[PDB]
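So this first bit is one chain, no partners, the form deposited in one PDB entry, shown in structure tokens.
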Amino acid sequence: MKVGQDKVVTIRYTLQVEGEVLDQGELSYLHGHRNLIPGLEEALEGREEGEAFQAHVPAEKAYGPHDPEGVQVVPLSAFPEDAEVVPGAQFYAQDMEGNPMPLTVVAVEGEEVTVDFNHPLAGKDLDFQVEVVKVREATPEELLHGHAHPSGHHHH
């Protein structure tokens, strides 16, 4: 069956950036409901089960460009006082209703921490290898919820 609107699609993938494998895994997603980055959904459109291919997805069609406004300068106090607040460390801020917002520490100086709320892949072009494992129709429950049951990574 071919990948198309309102199909639940299972893929196995490898993700490389700048020639370094960053991720491998398997996931299922409901196609046509902005569940996957757009360049990848476009590359999967109309593919047959069993197809395997490689695809280059520019940042613009993946996680977007890096947004300079996602870089903030925050007090070193907001971090645990035995925390390793260091370039590359990840932390989660929380907003007024408790939503976790992940950040990566960029720099530290004095009482100030430069942090980046951008997605870690923002601004990066992604090279995928993708295999279409299974395609099926969605159930009414899945179409009503806009996602698959189960919805995400089998393996990551």
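Sequential numbering from 1, following the sequence displayed.
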**OP:** Determine, for stretches 87 to 95 and 49 to 57, which one has the higher mean CA B-factor as deposited.
**Re:** 87 to 95
Original post:
On average, which has the higher Cα B-factor in the deposited entry, 2 to 10 or 147 to 155?
Top reply: 147 to 155
Subject >> Largest Cα B-factor, entry values, listed residues 110, 64, 68, 100 >> reply: 110
Subject >> residue 133 - which third its CA temperature factor falls in, relative to the rest of the chain >> reply: lowest
Original post:
How does residue 28 rank on Cα B-factor within its chain, lowest, middle or highest third?
Top reply: middle
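In what follows, reference is made to the form deposited in another entry, a form of this protein that is not presented.
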Original post:
With one rigid part turning against another between the shown form and the other one, at which of 136, 23, 71, 35 does the hinge fall?
Top reply: 71
